[PDB]
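Participant: First the structure, then my questions, so here it is.
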Amino acid sequence: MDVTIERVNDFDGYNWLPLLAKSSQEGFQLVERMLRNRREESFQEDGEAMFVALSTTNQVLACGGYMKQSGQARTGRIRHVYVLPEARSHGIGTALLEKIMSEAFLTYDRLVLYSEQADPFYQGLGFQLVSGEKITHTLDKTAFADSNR
Ligand SMILES: CC(C)(COP(=O)(O)OP(=O)(O)OC[C@H]1O[C@@H](n2cnc3c(N)ncnc32)[C@H](O)[C@@H]1OP(=O)(O)O)[C@@H](O)C(=O)NCCC(=O)NCCS
């Protein structure tokens with residue numbers, strides 16, 4: 001699918017209802033949490049960003065971003081990654097993560113995330129599976145660079 005990945009500078013300029021509905025249906029709170037908490041965690045400051053994938057008809061097909069990982073130094077957390085069920089398996093998640101990773105590694109020396117359901121996806125991107133309470137996957141910049149330089 002042809003999508004464009006855009007930085008969210010104005011949350012109120014997108015129709016989020018489809019993403020909210022589908023994610024809720026599947027039992028996921030991550031889109032709801034992102035949007036409900038957007039005054040406190042706005043993804044607008046230095047060291048953070050939120051992206052959306054837009055279809056050729058400017059419908060939101062996915063979201064995902066990054067911000068500082070609390071309590072860890074030089075570490076960013078990839079957050080709120082979700083692709084609409086009907087838009088999966090067409091390379092959107094990959095394009096979104098590749099954009100996130102490349103930008104976030106300008107600020108952070110390590111990226112971490114928590115995903116119970118998408119281990120194969122994250123390992124395919126180079127993340128290492130870890131046994132943690134707060135994180136499932138991690139990637140060091142040096143590893144990212146080795147796969148880039
Ligand atoms: C995980 C997720 C972000 C991946 O994004 P995507 O746009 O579907 O992924 P891509 O098309 O870029 O494919 C990259 C990898 O993601 C995985 N993937 C593909 N389709 C998937 C899907 N329907 N569900 C979960 N992972 C999927 C595959 O490992 C794929 O690797 P491959 O192309 O070599 O087969 C997205 O599918 C999602 O938000 N999934 C929700 C969780 C989920 O699907 N749970 C399991 C089913 S209920």
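FYI the Cβ positions are ideal-geometry reconstructions off the backbone, even for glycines, and counts take in every protein chain you see. We did not get these values from a lab; they are worked out from the coordinates using the rules stated.
Participant: Out of everything in the range 54-70 that is within 20 Å of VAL3 (Cβ to Cβ) and in contact with a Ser or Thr (Cβ under 7 Å, 6 or more places away or on another chain), what residue ends up being farthest from the ligand (Cβ to nearest atom)?
Facilitator: Filtering the range 54-70 down to residues within 20 Å of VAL3 (Cβ to Cβ) leaves 54-66.
With in contact with a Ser or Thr (Cβ under 7 Å, 6 or more places away or on another chain) added as a condition, the list becomes 54, 61.
Numbers: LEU54: 14, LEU61: 9 Å.
Applying the filter and picking the extreme gives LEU54.
Participant: Restricting to the range 47-99, name every residue that is hydroxyl-bearing (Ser, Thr, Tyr), within 13 Å of the chain's Cα centre (by Cα) and either part of a strand (DSSP E or B) or over 18 Å from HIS137 (Cβ atoms) (or both). I'd like the intermediate steps shown before the answer.
Facilitator: Let us first name the residues in the range 47-99 that are hydroxyl-bearing (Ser, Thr, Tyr), namely 55-57, 66, 70, 75, 82, 89, 94.
Restricting the remaining residues to those that are within 13 Å of the chain's Cα centre (by Cα) gives 66, 82, 94.
Within the range 47-99, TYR66, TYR82 meet the criteria.
Participant: Does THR107 fit the bill of being in a loop (DSSP other than H, G, I, E, B), surrounded by 14 or more Cβ atoms within 10 Å (Cβ to Cβ) and more than 15 Å from the chain's Cα centre (by Cα)? Show your work before the answer.
Facilitator: Details: in a loop (DSSP other than H, G, I, E, B): yes; surrounded by 14 or more Cβ atoms within 10 Å (Cβ to Cβ): yes; more than 15 Å from the chain's Cα centre (by Cα): yes.
The answer is yes for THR107.
Participant: Out of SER23, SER42, report the one residue that is touching a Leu at 6+ places or on another chain (Cβ under 9 Å) and either away from the ligand (no atom under 12 Å from the Cβ) or not in a strand (DSSP E or B) (or both).
Facilitator: Numbers: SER42 fails: touching a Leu at 6+ places or on another chain (Cβ under 9 Å).
Going through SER23, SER42 in turn, just one is touching a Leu at 6+ places or on another chain (Cβ under 9 Å) and either away from the ligand (no atom under 12 Å from the Cβ) or not in a strand (DSSP E or B) (or both): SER23.
Participant: Restricting to the range 71-98, and then to whatever is away from the ligand (no atom under 12 Å from the Cβ) and of a type outside the set (A, V, I, L, M, F, W, C), can you tell me which residue is farthest from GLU32 (Cα to Cα)?
Facilitator: Taking the range 71-98 first, the residues away from the ligand (no atom under 12 Å from the Cβ) are 71-77, 79.
Filter again for of a type outside the set (A, V, I, L, M, F, W, C), leaving 71-72, 74-77, 79.
Numbers: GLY71: 24, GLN72: 25, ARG74: 27, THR75: 24, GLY76: 21, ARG77: 18, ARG79: 12 Å.
Step by step, filter the range 71-98, then rank; the result is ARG74.
Participant: Something else: Pairs needed: first member in the range 103-125, within 8 Å of the ligand (Cβ to nearest atom); second member anywhere, of a type in the set (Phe, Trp, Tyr); C-beta distance under 7 Å; at least 6 residues apart or different chains.
Facilitator: Qualifying pairs under 7 Å: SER115/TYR122.
Participant: Take the conditions more than 14 Å from the chain's Cα centre (by Cα) and near the ligand (Cβ under 7 Å from one of its atoms) and apply them to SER131. Does it pass? It would help to see each step written out before you state the result.
Facilitator: Details: more than 14 Å from the chain's Cα centre (by Cα): yes; near the ligand (Cβ under 7 Å from one of its atoms): no.
No.
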